[PDB]
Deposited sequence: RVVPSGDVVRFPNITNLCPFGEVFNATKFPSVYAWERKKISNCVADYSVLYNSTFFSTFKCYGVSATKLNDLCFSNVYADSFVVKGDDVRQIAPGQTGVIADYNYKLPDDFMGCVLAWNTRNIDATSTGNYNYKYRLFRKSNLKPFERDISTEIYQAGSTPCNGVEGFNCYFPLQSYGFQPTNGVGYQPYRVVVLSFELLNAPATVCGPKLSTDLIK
């Protein structure tokens, strides 16, 4: 009973970073060669453990987070970054043990008219704790005047959409991102020869 990593990787629709989606992976064999014998990915960076010697390791379970970010913001999907994405959308712990993978998806996530579905959070009081997730669409109050749900002066809608078009530079083109985290308990499940 093999783990369907294809369900999150070859998925048709990907979520916005502000609403990044987490999929749990419990007891199953997990072939990682299906990932590492491939030049499809643009980054493919691992932390806390060898990137290829994962096959002979067993984990209690594996979490697959997925989202889509602008090319220049992929740099922020790493422990200890401090950009807008890292601070308000998806933060990784300093003791993160996993791998971030990203691949350019201009052909499918950019249209000539402009794809404004993928969004990100621009304003928030306090940063996110590691692996936290915020879907609130409440009007961000900047000044001292209360906003009362209406957008206006010093009252900004907290979400902003990426404008993905095929003529955008590589830094502004959409990349799909999967973060594979590995959990460790004193419990038994995910080996995968």
Compared with the full deposited sequence, the modelled chain skips 1-15, 204, 210-217
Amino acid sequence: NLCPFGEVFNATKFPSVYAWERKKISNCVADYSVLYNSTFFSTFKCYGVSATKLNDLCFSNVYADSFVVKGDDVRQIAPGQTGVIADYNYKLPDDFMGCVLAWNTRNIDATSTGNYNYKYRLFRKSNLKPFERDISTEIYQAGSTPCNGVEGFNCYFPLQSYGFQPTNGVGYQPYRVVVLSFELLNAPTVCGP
From here on, numbers count along this sequence of modelled residues.
Check the entry's C-alpha temperature factors for 143-151 and 125-133, then say which stretch has the higher mean. 143-151
Higher avg CA temperature factor (64-72 vs 41-49, as deposited) belongs to 41-49
Sort 11, 185, 178, 19 by C-alpha B-factor from the entry and give me just the highest. 185
Considering only modelled residues of the same chain, in which third does the CA B-factor of residue 87 rank: lowest, middle or highest? middle
Ranked by Cα temperature factor within the chain, is residue 162 in the lowest third, the middle third or the highest third? middle
